[PDB]
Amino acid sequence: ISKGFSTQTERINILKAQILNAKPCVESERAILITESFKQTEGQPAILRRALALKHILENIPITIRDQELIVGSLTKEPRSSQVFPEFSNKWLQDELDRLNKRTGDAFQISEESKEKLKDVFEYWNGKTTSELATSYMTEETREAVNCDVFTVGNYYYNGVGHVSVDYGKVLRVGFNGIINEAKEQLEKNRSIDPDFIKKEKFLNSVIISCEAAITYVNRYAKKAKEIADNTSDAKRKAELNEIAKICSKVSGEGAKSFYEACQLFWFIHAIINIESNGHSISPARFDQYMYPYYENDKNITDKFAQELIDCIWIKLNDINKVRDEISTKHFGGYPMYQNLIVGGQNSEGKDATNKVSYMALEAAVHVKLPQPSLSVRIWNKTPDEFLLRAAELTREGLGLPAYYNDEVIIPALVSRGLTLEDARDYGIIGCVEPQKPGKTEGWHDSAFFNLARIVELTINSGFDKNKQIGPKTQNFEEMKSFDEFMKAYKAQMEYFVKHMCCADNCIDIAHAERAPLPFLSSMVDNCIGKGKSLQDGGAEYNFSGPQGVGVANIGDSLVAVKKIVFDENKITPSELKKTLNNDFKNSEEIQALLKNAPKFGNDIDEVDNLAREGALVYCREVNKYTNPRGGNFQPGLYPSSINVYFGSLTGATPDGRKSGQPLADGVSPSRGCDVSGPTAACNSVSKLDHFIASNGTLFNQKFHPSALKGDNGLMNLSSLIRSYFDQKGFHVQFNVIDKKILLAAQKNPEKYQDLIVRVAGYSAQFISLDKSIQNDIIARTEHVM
């Protein structure tokens, strides 16, 4: 049955309004502070410079407690804003200072004072960032390949890494004091005359300095609270502020005991990670698993208050923001932080792990209705029916939540990559769809985006592009007599560019280790303290690197068109197709129609579905060949964030009939309007791809007309649709359930739809914050009925 959802407290409505009414801006406090610290630590090893910088930032960064907050800790004075991280890159900011407020979507405000104060920042960091060192490590040939419009490694180049779920459970138990004591104990075990312990010693002392700074940070809020309380007339709020001061004072260094304490300490851990570095996809992961014990053992708290606290955490997760350069902003549209939080699933012994907090998380999504966190649910053979149905009820709300993940495929895929069965069973999701064992991994889950469609274009043009030979000079398409020769050339182009993408990633990897090893973050991930080395230096138990392929449906549809129309039926010659594509079908609409009418991916047609599979596998097999400086293996993923639109604008006409400059397909979803046989047939098609090899994750989007989810049958049908796709070995699926008229109305009168949330790809966003190009891509997606 459909029970519906409860109503959130007025407090939640007030806090939510603070987020939406905010005017996202760029603040300079952090930038000024890290610059000041580095100027004083020139003769110190990088790890200590990082620890002392975090200390200086945490001791002097402005503190803020917003009205009516129960959970405190704000990274910026203005809500939903961003600090600056000049240690990674900053010249892009220097260039865009005067046009940040002129953007359509993802606009940021910045004061004249901030622009002025940043001048010295740009001056000091010149040549001292991770981005600049990364480029120096790259060969000239790699630099050229990086700038050929085939792939981008900008994510970890311009900003921090992130993409990790730390051991939140451990810190909640032992507190910052517990971590410090573990570091001190290791220091004693390491007492030795062996030279190798010299650097380990510096790392362990850097962890101590960092955690001591965290304790100081929390204490500043404890003092701030009392200060505000003493100046508060309202007895109720005054009592609240005094309780906050009390909780902050305890969890400043000690572990949590009660649920309120666990919630507040959780946020401080999460918040401070975001102060040390701006890598995104800092994912809470299995929140329901590590938070439940505190809820269950709290014999005084009521469910209503426990739920209100969770709602507050949901709101806080929407307070964090991150400014990016104008190009990268096209890759990550809608002020996204990608903080994935997942509930449900099984435990290490293979038994169901659903609990009370699992359901409270689902409830919170409806109470708050904001883009973050990226709520997800794990599904397996023994998922309780009531759990899946409750998730279905949430999907009916039209927030794009929750994302569904398949334990049956993910667990085996992870064990295949080296995780123990116990660790694989305890997986959580990073960012959009990247799985990992929390607290034991440095996965680099979004190290790059690779345009698969461009490889098809370069195959047809023999590596020649814009009157320049950017790729290998493979066999001239005009001379090919078989589809086999085509696939060989395709593989040759793929091989060349994947090689340089992975090499570029490795250079950026080395740069982060050399200039930005992270003491605080590393202390909360296994073996780092025990090994006496940072995450950047390979301290994690598990190490990977994960680059994404974009354009799967376009490749399958293009490959089958080439094979059928050109080589099998000989309707047109290779020369004719090459010329038609290079002219964007000008005066050859009859040829384009032939291509458009060829079999399309997403209709359960094996002929094309198997080519989408093989086309993607060529990319995946190349990625698997590489290893990173941390001794880990590269693993491919197939998701696009919002880059399918941008990549499309840089891609010429393709054999599937798509015109030049048009968006590519998102994730492994069928191309727009191509899936005309119903959602089940579409699911069947997508399930044919190899979701096991793409262990960094694959993303499948489906959009339903609201009528499809109506009533109990609607929930039953969605549930059946999901189970069938997962039984067929699909990796992930998520759904948009909205009235198309509402999206169109939002474009015309944004002001009237500030709270409208929509699913982009692996994350949801405030529709009006998205660039029109992305809004239109979402509106153009196929709309299904059950």
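Don't overthink the numbering: it's just position in the shown sequence, from 1.
- In this crystal structure, the stretch out of 290 to 298 and 637 to 645 whose C-alpha atoms carry the higher mean B factor is 290 to 298.
- Higher mean CA B-factor, judged across 237 to 245 and 547 to 555 from the recorded values: 237 to 245.
- The residue among 689, 134, 664, 121 whose C-alpha atom has the highest B-factor in the PDB entry is 121.
- Across the residues 684, 713, 159, 506, the deposited record lists the maximum Cα B factor for 713.
- Residue 753: CA B factor lies in the highest third for its chain, per the PDB record.
- Split the chain's modelled residues into thirds by C-alpha temperature factor. Residue 369 is in the middle one.
- When the modelled residues of the chain are ordered by C-alpha B-factor, residue 169 sits in the middle third.
- In this PDB entry, residue 519 carries a Cα temperature factor that places it within the middle third of its chain's modelled residues.
- In the deposited entry, the Cα temperature factor of residue 657 sits in the middle third of values across the chain's modelled residues.
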